[PDB]
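A.B. asks: The structure is given below, and queries will be raised subsequently.
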Amino acid sequence: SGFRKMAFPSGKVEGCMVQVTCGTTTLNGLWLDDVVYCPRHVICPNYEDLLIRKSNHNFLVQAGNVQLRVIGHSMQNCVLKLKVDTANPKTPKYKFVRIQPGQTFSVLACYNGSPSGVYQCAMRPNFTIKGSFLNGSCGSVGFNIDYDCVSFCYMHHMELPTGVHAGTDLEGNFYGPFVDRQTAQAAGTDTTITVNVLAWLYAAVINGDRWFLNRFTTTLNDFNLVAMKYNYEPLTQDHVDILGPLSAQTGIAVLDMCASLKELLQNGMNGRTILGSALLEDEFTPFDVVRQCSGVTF
Amino acid sequence: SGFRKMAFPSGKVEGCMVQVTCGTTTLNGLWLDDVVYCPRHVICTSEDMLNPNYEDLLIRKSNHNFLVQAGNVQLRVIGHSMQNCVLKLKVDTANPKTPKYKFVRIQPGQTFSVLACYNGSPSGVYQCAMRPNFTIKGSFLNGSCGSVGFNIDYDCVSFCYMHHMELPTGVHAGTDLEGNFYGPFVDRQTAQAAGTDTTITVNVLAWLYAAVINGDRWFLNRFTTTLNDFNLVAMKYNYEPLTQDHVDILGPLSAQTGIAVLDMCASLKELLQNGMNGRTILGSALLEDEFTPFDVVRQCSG
Ligand SMILES: CC(=O)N1Cc2ccc(Cl)cc2[C@H](C(=O)Nc2cncc3ccccc23)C1
Ligand SMILES: CC(=O)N1Cc2ccc(Cl)cc2[C@H](C(=O)Nc2cncc3ccccc23)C1
Ligand SMILES: [Cl-]
C-alpha cells in the first residue's frame with residue numbers, strides 16, 4: 001500500500017553528470033561515451049558565429065575531481081556536443097527519446113556537475129515542466145529507465161517568468177515554442193492531463209479509496225464536452241485503450257471512471273481527499289500506476 | 001524557482017542493494033563493507049511471525065542457510081549476528097561500491113529518501129517524512145522489506161531507516177540501521193496499530209516560508225500570536241505543538257523572508273480557520289508537512 005510520486009533510480013544518470021565551464025558560464029553536461037552534451041547557451045545570439053570563435057581548450061569539462069580534455073565540438077540544434085578524449089566508463093545502456101506531453105520522467109537536478117536531487121516530472125500539455133531549478137541547473141537531465149536502458153528525454157535550458165521550466169530533448173530540439181535566448185517568452189495556457197488523472201483515480205481505487213465512484217457511465221463525446229469546459233486535455237480512444245489493464249484490475253470501466261471524474265469536476269471533493277490530495281493529480285501516467293502498484297525493478 | 005518533493009540521488013544507495021534469502025523468505029539487504037544488514041524477520045516463516053523467538057530461530061541457522069545475491073553474484077556468508085531487529089550477515093566480499101556512510105537515528109518530522117527495492121533490485125526513489133506517530137507513509141508492496149531510507153549530506157550517506165512492516169492502515173513501520181524500531185512497534189504479526197497522527201507544524205511553517213520565497217504571499221496577515229496561543233489553536237487541528245526549538249530552527253527562514261516566526265504562525269492559524277478558499281500554495285490545496293526547515297533552505301538556496 002501507499003502511493004508516492006516516485007522517480008526512477010538516478011544512479012545510472014549520476015555516473016554521467018559533469019561540469020561544463022565556458023568563460024564565466026558554468027552548467028551541467030551529460031557524458032555518454034566520448035561526448036559531453038550540454039545546452040549551447042554555455043558559450044553565451046548567432047550560435048554558429050559564437051561557436052566558430054571558440055577553441056576546444058575554452059571548454060573546461062570536469063568529471064568529479066578529474067578534468068576531461070575536449071578534442072572537438074559541434075552543435076546539434078540547441079545542444080553542444082563536446083567530443084572528449086576519455087570515454088565514460090560509467091556509460092549505461094541508453095537511448096535519446098523525445099517524449100509527448102503528458103508523459104512523465106525523472107529529473108536529476110545538478111549544480112556544478114554534482115547531482116543534488118531527483119524528482120518526478122510530467123511534460124505539461126503546454127510543453128513546459130513544473131520543475132525545481134535554481135541558477136546553475138542548466139544541463140540537468142530528464143529520463144526514464146526501461147528495463148536496464150536509460151531513455152534520456154530532457155535537457156534543462158531555461159526558466160520562464162512564471163517559474164516553470166523549458167528545455168530540449170537530447171538532440172537539442174526544444175519542447176514547446178521556446179527559443180534559447182533572453183527575450184519575451186511565456187508559457188501558454190496549461191491543461192490537465194486527463195488520462196493521467198484517470199490513471200491516478202485507478203491508483204486510488206487499488207489503494208482502497210472508492211468514495212468518488214458512482215453507478216454512472218458516460219459516452220467519450222459527452223465526457224470530452226465536459227473535459228473541454230474544465231481545461232482538461234481531450235481523452236482519446238488511445239487513452240481509453242491504455243487504461244484497459246487498470247479498468248480490468250479494478251472492475252471499473254474507463255467511461256465509468258470518466259463519469260466519476262465528471263462529477264468531481266462539477267461538484268468538487270467536498271472536503272475529502274484522494275490519495276492524500278485535495279486536487280486531482282495529473283503527473284502519473286497509466287504506466288506509472290501499473291509499475292508502482294505491481295512492483296517493476298531496474 | 002519551483003518547489004518539488006525532491007529525493008536525494010539514489011546512486012550511492014543502489015550500489016548497496018542485495019537480495020537476502022532464508023528458506024522461502026526473500027527480502028532486501030544493505031551491503032556496506034563486508035556486512036549485509038537486513039530485517040531479522042527474514043529467518044521467520046509466516047506462521048512464526050505471531051510470537052517468534054528470534055534468538056531461538058537464529059541459533060538453528062548456519063551461514064550457508066542465508067543466500068545473499070549482489071546482482072548476478074552470490075556472496076558467501078561467513079558469519080551472522082543480530083543487533084536488535086536487524087540481522088548482520090558477515091560476508092566474504094567487501095562491497096567495492098560502499099560509499100562514505102553513517103547510521104543516524106532520526107526524530108519525528110525528519111525527512112529522508114526511500115529507495116524501494118524488490119529482490120535486491122531498486123525500482124523507485126521517493127521522499128518521506130517520519131510521522132509524529134513514528135510511522136512512514138511509504139509506497140511499499142510485498143518484498144520491499146529491507147528497503148532503506150537515507151539522506152545525503154555532502155558526500156556521506158546517512159542511513160536512517162530500514163523497512164520492516166506494513167500496519168493495517170497501509171502505513172509503514174521500520175527501524176534505524178541499528179535495529180531499533182521507530183515507534184512502539186515490534187516485528188510480529190500481533191495486533192498493532194498506528195497511533196493517531198498529527199501534522200508536523202514546524203514543517204508546514206517551513207513550507208509556508210518556501211511559498212513566500214517563491215512569491216506566494218496571499219495567506220499572510222497583519223497578525224502575530226504568542227507561542228502558547230498558537231499551540232492552543234494548533235492542538236485543535238491535530239497539529240504538533242510548536243516548541244521554542246522549532247521557532248529557533250525557523251530563524252534563518254524568518255530572517256530571509258522578513259516574516260517573524262510568530263507572524264508566520266498567525267498565517268497558519270488563519271489558514272487552519274479559513275481553509276484555502278479555492279487557492280493553492282506551491283501548487284497544493286493542502287498544507288504540506290513533509291519538508292523540513294533544512295529541506296526548504298537546501299532547495300531554495302543550494
Ligand atoms: C537570467 C536568467 O534567468 N537566464 C536567462 C536565460 C535565457 C535563455 C536561456 Cl536558454 C537560459 C537562461 C538562463 C536560465 O533561465 N537559467 C535558469 C534555469 N533554470 C532555473 C533558473 C532559476 C533562476 C535563474 C535562472 C535559472 C539564465
Ligand atoms: C501481513 C504481512 O504481509 N506481513 C506480516 C508482517 C508482520 C511483521 C513484520 Cl516485521 C513483517 C511482516 C510482513 C510485511 O508487513 N511486509 C510488507 C512490507 N511492506 C509493505 C507490504 C505490503 C503488502 C504486504 C506486505 C508488506 C508480512
Ligand atoms: Cl532528526
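Naming works like this for the C-alpha cells: A, B, ... for the chains as they're shown, residue 1 at the start of each chain, ligands 1 onward in shown order.
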Mind dumping a table of every range 123-208 of chain A residue within 8 Å of range 4-26 of chain A, with the nearest atom pair and its distance in Å to one decimal, using only C-alpha atoms, sorted by chain and rising number, as CSV?

C.D. replies:
residue,atom,partner,partner_atom,distance
A:136,CA,A:26,CA,6.6
A:144,CA,A:8,CA,6.6
A:145,CA,A:8,CA,6.3
A:150,CA,A:12,CA,7.5

A.B. asks: With C-alpha atoms retained, write the just-selected residues as a PDB file, in the first residue's frame.

C.D. replies:
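What follows is the written file result.pdb:
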ATOM      1  CA  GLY A 136      23.350  26.532 -12.445  1.00  0.00           C
ATOM      2  CA  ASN A 144      13.048   7.120 -17.843  1.00  0.00           C
ATOM      3  CA  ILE A 145      14.625   3.743 -17.066  1.00  0.00           C
ATOM      4  CA  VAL A 150      18.194   4.900 -19.729  1.00  0.00           C
TER       5      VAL A 150
END

A.B. asks: Using only C-alpha atoms, I'd like every residue of chain B that has an atom within 6 Å of chain A; please write them out as a list in words.

C.D. replies: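 Going by the stated atoms only, the list reads residues 1, 2, 3, 4, 6, 7, 8, 9, 10, 11, 121, 122, 123, 124, 125, 126, 138, 139, 140, 170 and 285 of chain B.
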
A.B. asks: Looking at B:160, B:276, B:148, B:91, which one is nearest to ligand 3, with distances taken over only C-alpha atoms and all ligand atoms?

C.D. replies: B:160

A.B. asks: Once you count only C-alpha atoms and all ligand atoms, what closest atom pair and distance in Å to one decimal does each residue of chain B within 12 Å of ligand 3 have, with rows by chain and rising residue number, as a Markdown table?

C.D. replies:
| residue | atom | partner | partner_atom_place_in_ligand_line | distance |
| --- | --- | --- | --- | --- |
| B:103 | CA | ligand 3 | 1 (Cl) | 12.0 |
| B:104 | CA | ligand 3 | 1 (Cl) | 8.2 |
| B:105 | CA | ligand 3 | 1 (Cl) | 6.9 |
| B:106 | CA | ligand 3 | 1 (Cl) | 3.8 |
| B:107 | CA | ligand 3 | 1 (Cl) | 4.1 |
| B:108 | CA | ligand 3 | 1 (Cl) | 7.0 |
| B:109 | CA | ligand 3 | 1 (Cl) | 7.5 |
| B:110 | CA | ligand 3 | 1 (Cl) | 5.1 |
| B:111 | CA | ligand 3 | 1 (Cl) | 8.0 |
| B:112 | CA | ligand 3 | 1 (Cl) | 9.8 |
| B:129 | CA | ligand 3 | 1 (Cl) | 10.3 |
| B:130 | CA | ligand 3 | 1 (Cl) | 9.0 |
| B:131 | CA | ligand 3 | 1 (Cl) | 11.6 |
| B:132 | CA | ligand 3 | 1 (Cl) | 11.7 |
| B:150 | CA | ligand 3 | 1 (Cl) | 11.5 |
| B:151 | CA | ligand 3 | 1 (Cl) | 10.7 |
| B:158 | CA | ligand 3 | 1 (Cl) | 11.0 |
| B:159 | CA | ligand 3 | 1 (Cl) | 11.8 |
| B:160 | CA | ligand 3 | 1 (Cl) | 9.1 |
| B:161 | CA | ligand 3 | 1 (Cl) | 11.6 |
| B:176 | CA | ligand 3 | 1 (Cl) | 11.5 |
| B:182 | CA | ligand 3 | 1 (Cl) | 11.9 |
| B:292 | CA | ligand 3 | 1 (Cl) | 10.0 |
| B:293 | CA | ligand 3 | 1 (Cl) | 11.7 |
| B:294 | CA | ligand 3 | 1 (Cl) | 10.7 |

A.B. asks: Do you know which residues are within 7 Å of ligand 2 using only C-alpha atoms and all ligand atoms? Can you write them as a PDB file with N, CA, C and O atoms, in the first residue's frame?

C.D. replies:
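Generated output (result18.pdb):
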ATOM      1  N   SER A   1       0.816  -1.221   0.000  1.00  0.00           N
ATOM      2  CA  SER A   1       0.000   0.000   0.000  1.00  0.00           C
ATOM      3  C   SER A   1       0.843   1.262   0.000  1.00  0.00           C
ATOM      4  O   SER A   1       2.014   1.256   0.369  1.00  0.00           O
TER       5      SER A   1
ATOM      6  N   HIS B  41      13.344 -10.580  10.552  1.00  0.00           N
ATOM      7  CA  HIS B  41      12.202 -11.427  10.219  1.00  0.00           C
ATOM      8  C   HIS B  41      12.414 -12.253   8.923  1.00  0.00           C
ATOM      9  O   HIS B  41      11.552 -13.072   8.598  1.00  0.00           O
ATOM     10  N   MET B  49       5.703 -15.724  12.719  1.00  0.00           N
ATOM     11  CA  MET B  49       5.524 -14.290  12.885  1.00  0.00           C
ATOM     12  C   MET B  49       4.689 -13.832  14.091  1.00  0.00           C
ATOM     13  O   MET B  49       4.956 -12.737  14.568  1.00  0.00           O
ATOM     14  N   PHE B 140       4.922   0.775  -0.523  1.00  0.00           N
ATOM     15  CA  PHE B 140       5.610  -0.488  -0.397  1.00  0.00           C
ATOM     16  C   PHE B 140       4.692  -1.649  -0.657  1.00  0.00           C
ATOM     17  O   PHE B 140       3.586  -1.701  -0.131  1.00  0.00           O
ATOM     18  N   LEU B 141       5.176  -2.608  -1.441  1.00  0.00           N
ATOM     19  CA  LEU B 141       4.467  -3.845  -1.717  1.00  0.00           C
ATOM     20  C   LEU B 141       5.198  -4.984  -1.003  1.00  0.00           C
ATOM     21  O   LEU B 141       6.215  -4.754  -0.336  1.00  0.00           O
ATOM     22  N   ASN B 142       4.684  -6.224  -1.120  1.00  0.00           N
ATOM     23  CA  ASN B 142       5.349  -7.369  -0.515  1.00  0.00           C
ATOM     24  C   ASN B 142       6.705  -7.580  -1.196  1.00  0.00           C
ATOM     25  O   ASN B 142       6.834  -7.391  -2.412  1.00  0.00           O
ATOM     26  N   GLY B 143       7.713  -7.872  -0.389  1.00  0.00           N
ATOM     27  CA  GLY B 143       9.070  -7.991  -0.898  1.00  0.00           C
ATOM     28  C   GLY B 143       9.891  -6.721  -0.769  1.00  0.00           C
ATOM     29  O   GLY B 143      11.079  -6.722  -1.092  1.00  0.00           O
ATOM     30  N   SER B 144       9.289  -5.634  -0.279  1.00  0.00           N
ATOM     31  CA  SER B 144      10.004  -4.376  -0.097  1.00  0.00           C
ATOM     32  C   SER B 144      10.795  -4.325   1.199  1.00  0.00           C
ATOM     33  O   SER B 144      11.563  -3.382   1.375  1.00  0.00           O
ATOM     34  N   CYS B 145      10.609  -5.298   2.119  1.00  0.00           N
ATOM     35  CA  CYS B 145      11.281  -5.337   3.419  1.00  0.00           C
ATOM     36  C   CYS B 145      12.790  -5.285   3.221  1.00  0.00           C
ATOM     37  O   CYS B 145      13.320  -5.969   2.343  1.00  0.00           O
ATOM     38  N   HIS B 163      12.972  -0.590   6.185  1.00  0.00           N
ATOM     39  CA  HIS B 163      11.580  -1.021   6.172  1.00  0.00           C
ATOM     40  C   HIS B 163      11.422  -2.468   6.695  1.00  0.00           C
ATOM     41  O   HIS B 163      12.169  -3.369   6.302  1.00  0.00           O
ATOM     42  N   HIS B 164      10.463  -2.667   7.623  1.00  0.00           N
ATOM     43  CA  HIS B 164      10.171  -3.950   8.241  1.00  0.00           C
ATOM     44  C   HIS B 164       8.714  -4.408   8.015  1.00  0.00           C
ATOM     45  O   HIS B 164       8.521  -5.570   7.705  1.00  0.00           O
ATOM     46  N   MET B 165       7.701  -3.548   8.218  1.00  0.00           N
ATOM     47  CA  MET B 165       6.317  -3.999   8.049  1.00  0.00           C
ATOM     48  C   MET B 165       5.321  -2.938   7.623  1.00  0.00           C
ATOM     49  O   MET B 165       5.564  -1.741   7.747  1.00  0.00           O
ATOM     50  N   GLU B 166       4.167  -3.403   7.150  1.00  0.00           N
ATOM     51  CA  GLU B 166       3.075  -2.528   6.834  1.00  0.00           C
ATOM     52  C   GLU B 166       2.010  -2.756   7.895  1.00  0.00           C
ATOM     53  O   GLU B 166       1.646  -3.897   8.183  1.00  0.00           O
ATOM     54  N   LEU B 167       1.533  -1.667   8.498  1.00  0.00           N
ATOM     55  CA  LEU B 167       0.494  -1.704   9.509  1.00  0.00           C
ATOM     56  C   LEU B 167      -0.875  -1.831   8.829  1.00  0.00           C
ATOM     57  O   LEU B 167      -0.973  -1.598   7.626  1.00  0.00           O
ATOM     58  N   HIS B 172       3.662   2.410   7.120  1.00  0.00           N
ATOM     59  CA  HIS B 172       4.812   1.551   7.285  1.00  0.00           C
ATOM     60  C   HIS B 172       5.597   1.809   8.530  1.00  0.00           C
ATOM     61  O   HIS B 172       5.676   2.934   9.016  1.00  0.00           O
ATOM     62  N   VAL B 186       6.732  -3.737  17.036  1.00  0.00           N
ATOM     63  CA  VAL B 186       7.502  -4.950  17.139  1.00  0.00           C
ATOM     64  C   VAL B 186       7.418  -5.696  15.812  1.00  0.00           C
ATOM     65  O   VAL B 186       6.450  -5.548  15.076  1.00  0.00           O
ATOM     66  N   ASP B 187       8.441  -6.484  15.491  1.00  0.00           N
ATOM     67  CA  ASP B 187       8.445  -7.297  14.283  1.00  0.00           C
ATOM     68  C   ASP B 187       7.724  -8.602  14.588  1.00  0.00           C
ATOM     69  O   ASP B 187       8.346  -9.618  14.840  1.00  0.00           O
ATOM     70  N   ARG B 188       6.396  -8.529  14.640  1.00  0.00           N
ATOM     71  CA  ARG B 188       5.468  -9.611  14.954  1.00  0.00           C
ATOM     72  C   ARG B 188       4.130  -9.330  14.261  1.00  0.00           C
ATOM     73  O   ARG B 188       3.734  -8.167  14.142  1.00  0.00           O
ATOM     74  N   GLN B 189       3.373 -10.388  13.943  1.00  0.00           N
ATOM     75  CA  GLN B 189       2.034 -10.269  13.364  1.00  0.00           C
ATOM     76  C   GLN B 189       0.938 -10.053  14.432  1.00  0.00           C
ATOM     77  O   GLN B 189      -0.238 -10.304  14.172  1.00  0.00           O
TER      78      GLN B 189
END

A.B. asks: Go ahead and compute the interatomic distance for CA of residue 128 in chain A and CA of residue 188 in chain A, in Å to one decimal.

C.D. replies: 8.8 Å

A.B. asks: Quick one: residues within 12 Å of range 226-238 of chain B, only C-alpha atoms counted, chain neighbours fewer than 4 positions away excluded, as a PyMOL selection string?

C.D. replies: chain B and resi 132-133+196-202+204-205+242-247+260-273+275+287

A.B. asks: Using DSSP assignments from the backbone, pull out every residue in range 29-273 of chain A that falls under alpha helix (DSSP H) and give it to me as a PyMOL selection string.

C.D. replies: chain A and resi 47-52+194-206+220-229+237-242+244-250+254-267

A.B. asks: Report, in Å with one decimal, the straight-line distance from atom 13 (C, counted along the ligand's line) of ligand 1 to CA of residue 158 in chain A.

C.D. replies: 4.8 Å

A.B. asks: Go through A:70, A:179, A:52, A:122 and flag the residue nearest ligand 1, using only C-alpha atoms and all ligand atoms for the distances.

C.D. replies: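 Checking each of A:70, A:179, A:52, A:122 against ligand 1, counting only C-alpha atoms and all ligand atoms, the winner is A:179.
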
A.B. asks: Between B:251, B:146, B:120, B:258, which one has atoms that come closest to residue 37 in chain B, using only C-alpha atoms?

C.D. replies: B:146

A.B. asks: Restricting the calculation to only C-alpha atoms: of A:269, A:220, A:228, A:252, which residue gets closest to residue 191 in chain A?

C.D. replies: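 The closest residue to residue 191 in chain A is A:228.
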
A.B. asks: Which of range 19-105 of chain A counts as strand (DSSP E) under DSSP, as a PyMOL selection string please?

C.D. replies: chain A and resi 19-22+25-32+35-39+59-63+66-68+70-76+79-84+93-96+104-105

A.B. asks: Excluding residue 12 in chain B and residues on its chain fewer than 6 positions from it, collect all residues at most 8 Å away from it, counting only C-alpha atoms, and give them as a ChimeraX atom specification.

C.D. replies: /A:11 /B:97-99,157

A.B. asks: I need the residue nearest ligand 1 from this list: B:300, B:85, B:212, B:116. Use only C-alpha atoms and all ligand atoms for the distance.

C.D. replies: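 The shortest atom-to-atom distance to ligand 1 comes from B:300.
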
A.B. asks: Rounded to one decimal in Å, what is the spacing between CA of residue 283 in chain A and CA of residue 173 in chain A?

C.D. replies: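 Atom-to-atom, CA of residue 283 in chain A and CA of residue 173 in chain A are spaced 22.6 Å apart.
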
A.B. asks: Would you pick out the contacts of residue 157 in chain A at 8 Å or less, using only C-alpha atoms, so that residues sharing its chain but fewer than 3 positions from it are not included, and give the list as a ChimeraX atom specification?

C.D. replies: /A:39,41,138-139,165-168,180

A.B. asks: Could you dump the residues just selected with C-alpha atoms as a tab-separated table (two decimals), in the first residue's frame?

C.D. replies:
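For reference, selection-v5.tsv as written:
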chain	number	residue	atom	x	y	z
A	39	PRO	CA	22.91	23.50	-23.54
A	41	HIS	CA	23.86	28.77	-24.27
A	138	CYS	CA	21.06	24.18	-16.86
A	139	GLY	CA	22.04	20.92	-18.46
A	165	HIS	CA	10.86	25.37	-16.98
A	166	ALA	CA	11.72	24.96	-20.65
A	167	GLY	CA	14.19	22.62	-22.26
A	168	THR	CA	15.01	20.31	-25.15
A	180	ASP	CA	17.27	29.64	-26.00
